[PDB]
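Raw contents of work_11.csv, CSV, C-alpha atoms and all ligand atoms:
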chain,number,residue,atom,x,y,z
U,3,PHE,CA,88.9,109.4,120.2
U,4,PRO,CA,88.6,108.9,116.4
U,5,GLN,CA,87.0,111.7,114.5
U,6,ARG,CA,83.2,111.9,114.5
U,7,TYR,CA,80.7,114.3,112.9
U,8,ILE,CA,77.3,115.4,113.9
U,9,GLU,CA,74.8,117.0,111.5
U,10,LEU,CA,72.7,118.9,114.0
U,11,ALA,CA,69.3,120.5,113.4
U,12,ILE,CA,68.2,123.2,115.8
U,13,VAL,CA,64.6,124.2,115.9
U,14,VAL,CA,63.3,127.2,117.8
U,15,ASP,CA,59.7,127.2,118.9
U,16,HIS,CA,57.2,130.0,118.6
U,17,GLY,CA,57.4,131.0,122.2
U,18,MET,CA,61.1,131.8,121.7
U,19,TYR,CA,60.3,133.5,118.5
U,20,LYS,CA,58.1,136.0,120.3
U,21,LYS,CA,60.5,136.4,123.2
U,22,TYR,CA,63.2,137.8,120.9
U,23,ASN,CA,60.5,140.2,119.6
U,24,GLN,CA,60.0,138.2,116.4
U,25,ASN,CA,63.5,139.0,115.3
U,26,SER,CA,65.0,136.1,113.3
U,27,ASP,CA,68.4,137.8,113.1
U,28,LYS,CA,68.7,138.0,116.9
U,29,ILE,CA,67.8,134.3,117.1
U,30,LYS,CA,70.4,133.4,114.5
U,31,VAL,CA,73.3,135.3,116.2
U,32,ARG,CA,72.4,133.4,119.4
U,33,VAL,CA,72.2,130.0,117.6
U,34,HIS,CA,75.6,130.4,115.7
U,35,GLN,CA,77.5,131.5,118.8
U,36,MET,CA,76.0,128.4,120.5
U,37,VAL,CA,77.2,126.1,117.8
U,38,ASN,CA,80.7,127.7,118.1
U,39,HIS,CA,80.7,127.1,121.9
U,40,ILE,CA,79.5,123.4,121.4
U,41,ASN,CA,82.3,122.7,118.9
U,42,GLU,CA,84.7,124.3,121.3
U,43,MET,CA,83.6,122.0,124.1
U,44,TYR,CA,83.6,118.9,121.9
U,45,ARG,CA,87.0,119.5,120.4
U,46,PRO,CA,88.8,117.3,123.1
U,47,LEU,CA,86.5,114.4,122.1
U,48,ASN,CA,87.2,114.9,118.4
U,49,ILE,CA,83.6,115.5,117.5
U,50,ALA,CA,82.7,118.1,114.9
U,51,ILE,CA,79.2,119.6,115.2
U,52,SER,CA,77.8,121.1,112.0
U,53,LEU,CA,74.5,123.0,112.1
U,54,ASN,CA,72.8,121.3,109.3
U,55,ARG,CA,69.5,123.3,109.7
U,56,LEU,CA,67.9,126.1,111.8
U,57,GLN,CA,64.1,126.0,111.7
U,58,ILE,CA,62.3,128.9,113.5
U,59,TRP,CA,58.6,128.2,114.3
U,60,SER,CA,57.4,131.8,113.5
U,61,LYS,CA,53.8,131.0,112.3
U,62,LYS,CA,53.1,128.6,115.0
U,63,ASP,CA,54.5,125.7,117.1
U,64,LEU,CA,54.2,122.4,115.2
U,65,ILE,CA,53.8,120.3,118.4
U,66,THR,CA,52.3,121.4,121.7
U,67,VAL,CA,55.1,122.5,123.9
U,68,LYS,CA,54.2,121.5,127.4
U,69,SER,CA,55.7,122.3,130.8
U,70,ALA,CA,56.3,118.5,131.2
U,71,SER,CA,59.7,118.3,129.6
U,72,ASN,CA,59.4,114.5,129.0
U,73,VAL,CA,56.1,114.8,127.2
U,74,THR,CA,57.4,117.7,125.0
U,75,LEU,CA,60.6,115.7,124.2
U,76,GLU,CA,58.6,112.7,123.1
U,77,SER,CA,56.3,114.8,120.9
U,78,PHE,CA,59.3,116.4,119.3
U,79,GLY,CA,60.9,113.0,118.7
U,80,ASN,CA,57.9,111.8,116.8
U,81,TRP,CA,57.7,115.0,114.8
U,82,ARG,CA,61.4,114.6,113.8
U,83,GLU,CA,60.9,111.0,112.7
U,84,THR,CA,57.6,111.7,111.2
U,85,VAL,CA,58.1,115.1,109.5
U,86,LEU,CA,61.6,116.6,109.8
U,87,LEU,CA,63.5,113.5,108.6
U,88,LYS,CA,61.3,113.4,105.5
U,89,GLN,CA,62.4,116.8,104.2
U,90,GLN,CA,66.1,117.1,105.3
U,91,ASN,CA,68.1,114.4,107.0
U,92,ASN,CA,70.1,115.0,110.2
U,93,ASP,CA,71.8,112.9,112.8
U,94,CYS,CA,70.2,114.8,115.8
U,95,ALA,CA,67.7,117.6,116.6
U,96,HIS,CA,67.3,119.7,119.6
U,97,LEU,CA,64.3,122.0,120.3
U,98,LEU,CA,65.2,125.4,121.9
U,99,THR,CA,62.3,126.6,123.9
U,100,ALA,CA,61.5,129.7,126.0
U,101,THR,CA,59.0,127.6,127.9
U,102,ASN,CA,59.4,127.2,131.6
U,103,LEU,CA,59.7,123.5,132.2
U,104,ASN,CA,58.4,121.8,135.4
U,105,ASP,CA,60.7,121.3,138.4
U,106,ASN,CA,63.6,123.6,137.4
U,107,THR,CA,64.5,121.4,134.5
U,108,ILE,CA,66.3,123.5,131.7
U,109,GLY,CA,67.2,120.6,129.5
U,110,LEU,CA,66.3,117.0,128.7
U,111,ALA,CA,67.6,114.4,126.1
U,112,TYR,CA,67.5,110.7,125.3
U,113,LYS,CA,70.5,108.7,126.6
U,114,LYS,CA,72.3,106.8,123.9
U,115,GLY,CA,69.8,108.2,121.3
U,116,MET,CA,72.4,109.4,118.8
U,117,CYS,CA,71.5,108.5,115.2
U,118,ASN,CA,68.0,107.0,116.1
U,119,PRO,CA,65.1,108.3,114.0
U,120,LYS,CA,63.0,108.7,117.1
U,121,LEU,CA,65.6,109.1,119.9
U,122,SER,CA,68.3,111.3,118.6
U,123,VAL,CA,66.5,114.2,120.0
U,124,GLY,CA,67.0,116.8,122.9
U,125,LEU,CA,65.4,119.8,124.6
U,126,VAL,CA,67.0,122.9,126.1
U,127,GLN,CA,65.5,126.0,127.6
U,128,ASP,CA,66.8,129.5,126.7
U,129,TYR,CA,67.0,130.3,130.4
U,130,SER,CA,69.9,132.7,130.4
U,131,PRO,CA,70.7,135.9,128.6
U,132,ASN,CA,74.2,134.5,128.3
U,133,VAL,CA,74.7,132.3,125.2
U,134,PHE,CA,77.5,130.4,126.9
U,135,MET,CA,75.2,129.1,129.7
U,136,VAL,CA,72.6,127.9,127.2
U,137,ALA,CA,75.4,126.4,125.1
U,138,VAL,CA,76.7,124.4,128.2
U,139,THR,CA,73.2,123.0,128.7
U,140,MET,CA,73.0,122.1,125.0
U,141,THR,CA,76.5,120.4,125.2
U,142,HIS,CA,75.4,118.5,128.3
U,143,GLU,CA,72.2,117.2,126.6
U,144,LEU,CA,74.2,116.3,123.5
U,145,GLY,CA,76.4,114.4,126.0
U,146,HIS,CA,73.4,112.1,127.0
U,147,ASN,CA,72.6,111.4,123.3
U,148,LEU,CA,76.2,110.1,123.1
U,149,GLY,CA,75.8,107.8,126.1
U,150,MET,CA,77.2,110.0,128.9
U,151,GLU,CA,75.9,109.9,132.5
U,152,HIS,CA,76.1,112.5,135.2
U,153,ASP,CA,79.3,112.9,137.2
U,154,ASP,CA,79.5,111.3,140.6
U,155,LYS,CA,81.7,114.2,141.6
U,156,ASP,CA,82.8,112.2,144.6
U,157,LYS,CA,84.6,109.6,142.5
U,158,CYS,CA,84.8,111.6,139.2
U,159,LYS,CA,86.7,114.3,141.0
U,160,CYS,CA,85.1,117.2,139.2
U,161,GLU,CA,82.8,119.9,140.5
U,162,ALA,CA,81.8,121.7,137.4
U,163,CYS,CA,82.5,119.5,134.5
U,164,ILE,CA,80.0,119.5,131.7
U,165,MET,CA,78.1,116.5,133.0
U,166,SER,CA,77.3,117.7,136.5
U,167,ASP,CA,73.6,117.2,137.2
U,168,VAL,CA,73.3,120.8,138.3
U,169,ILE,CA,74.7,123.6,136.1
U,170,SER,CA,77.2,125.6,138.0
U,171,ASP,CA,77.4,129.3,138.6
U,172,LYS,CA,80.6,129.2,136.5
U,173,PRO,CA,80.6,126.0,134.4
U,174,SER,CA,83.9,124.9,133.2
U,175,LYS,CA,84.1,124.0,129.5
U,176,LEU,CA,85.5,120.6,130.4
U,177,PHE,CA,84.4,117.0,130.4
U,178,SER,CA,85.4,114.7,133.2
U,179,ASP,CA,87.4,111.6,132.8
U,180,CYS,CA,84.2,109.8,133.7
U,181,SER,CA,82.4,111.4,130.7
U,182,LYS,CA,85.2,110.3,128.4
U,183,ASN,CA,85.0,106.8,129.4
U,184,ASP,CA,81.3,106.7,128.9
U,185,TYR,CA,81.6,108.2,125.4
U,186,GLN,CA,84.4,105.7,124.7
U,187,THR,CA,82.1,103.0,125.8
U,188,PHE,CA,79.3,104.4,123.7
U,189,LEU,CA,81.4,104.3,120.5
U,190,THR,CA,82.8,100.9,121.3
U,191,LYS,CA,79.5,99.2,122.2
U,192,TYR,CA,77.0,101.0,120.0
U,193,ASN,CA,79.1,102.7,117.3
U,194,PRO,CA,76.4,105.0,115.7
U,195,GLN,CA,77.1,104.7,112.0
U,196,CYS,CA,75.6,108.1,111.2
U,197,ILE,CA,78.4,110.0,112.8
U,198,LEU,CA,81.2,108.2,111.0
U,199,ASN,CA,81.4,110.5,108.0
U,200,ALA,CA,81.4,114.2,107.5
Y,301,ZN,ZN,71.6,115.5,132.6
Is it possible to give me this structure as structure tokens?
Amino acid sequence: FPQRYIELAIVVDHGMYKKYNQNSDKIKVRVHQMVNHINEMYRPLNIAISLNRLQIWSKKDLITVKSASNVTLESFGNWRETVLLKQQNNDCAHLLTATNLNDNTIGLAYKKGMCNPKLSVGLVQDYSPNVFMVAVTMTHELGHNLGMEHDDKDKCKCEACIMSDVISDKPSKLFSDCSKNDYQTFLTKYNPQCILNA
């Protein structure tokens, strides 16, 4: 895998702001540890994730965060294209929410959306006190932005690789051969030009 670089914007909604008792510091330690974990998991693919911006919605949410994860994701996507990309540019943005999403969904993202002004977006729920667990979900969702599918464990031969549809009790920090071929195919076939330079 040739070197790639993602400028990632992470935005924390108001609900998560109140959960951590309005403490930005506490939010920031969580977010930097997460970025460290993500980079750790993306190292074998030669992708460098750089936290280009952390926006915490402390006054109020700038979009209505709804339990329906696909409706929230789409609202966020437009807000990125429409507002966020106008102030500071980034290759991808993920919303971290404390909101309980419908049907035990803890994360959602647009497949092959990397670099797109509307689609390079993702959503993950701060569902665990453990930063590593929330970081595995963010890595997984980032995996979909980069064209990765779930693992058909049967033929991918992995039980708890990053792309398993259900997050394991003890996720491994590894990508399956299947995920690597998908990412390889993403680069080859779509080649997002925004991730070429650092
Ligand atoms: Zn998934």
> Closest to ligand ZN 301 (chain Y) among U:133, U:121, U:163, U:111, using only C-alpha atoms and all ligand atoms?
Replying inline: U:111
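Among all protein and nucleic acid residues, the ones that lie within 9 Å of ligand ZN 301 (chain Y) when counting all atoms listed in the file are residues 109, 110, 111, 139, 142, 143, 145, 146, 150, 151, 152, 165, 166, 167 and 168 of chain U.
Note that atom CA of residue 94 of chain U and atom CA of residue 114 of chain U are 11.6 Å apart.
In this model, the gap between atom CA of residue 10 of chain U and atom CA of residue 54 of chain U comes to 5.3 Å.
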>> As an exercise, work out the distance from atom CA of residue 12 of chain U to atom CA of residue 36 of chain U in Å and give it to one decimal place.
In response: 10.5 Å
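Shown here are all protein and nucleic acid residues lying within 7 Å of (71.1, 123.2, 122.6), with only C-alpha atoms considered: residues 96, 98, 125, 126, 136, 137, 139, 140 and 141 of chain U.
Of the listed residues U:172, U:55, U:120, U:61, the one whose atoms come nearest to residue 92 of chain U is U:55, with distances taken using only C-alpha atoms.
Between residue 76 of chain U and the residues U:122, U:116, U:57, U:44, the shortest atom-to-atom distance, using all atoms listed in the file, involves U:122.
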Give me the residues within 9 Å of residue 66 of chain U as an mmCIF file with C-alpha atoms, keeping the file's coordinate frame, counting all atoms listed in the file and dropping any in the same chain fewer than 2 places off.
data_model
loop_
_atom_site.group_PDB
_atom_site.id
_atom_site.type_symbol
_atom_site.label_atom_id
_atom_site.label_comp_id
_atom_site.auth_asym_id
_atom_site.auth_seq_id
_atom_site.Cartn_x
_atom_site.Cartn_y
_atom_site.Cartn_z
ATOM 1 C CA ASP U 63 54.500 125.700 117.100
ATOM 2 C CA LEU U 64 54.200 122.400 115.200
ATOM 3 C CA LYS U 68 54.200 121.500 127.400
ATOM 4 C CA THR U 74 57.400 117.700 125.000
ATOM 5 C CA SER U 77 56.300 114.800 120.900
ATOM 6 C CA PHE U 78 59.300 116.400 119.300
#
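Here the question is which of U:13, U:53, U:108, U:37 gets nearest to residue 86 of chain U using all atoms listed in the file, and that residue is U:13.
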>> Every residue with an atom at most 12 Å from (59.6, 122.0, 106.1) (file coordinates; only C-alpha atoms) is what I'm after, so could you write them as number ranges by chain?
In response: U: 13, 55-59, 64, 81-82, 84-91
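With all atoms listed in the file as the atoms that count, the residue of U:75, U:97, U:176, U:117 with the shortest distance to residue 45 of chain U is U:176.
If you measure from each of U:52, U:147, U:60, U:170 to residue 124 of chain U using all atoms listed in the file, the closest one turns out to be U:147.
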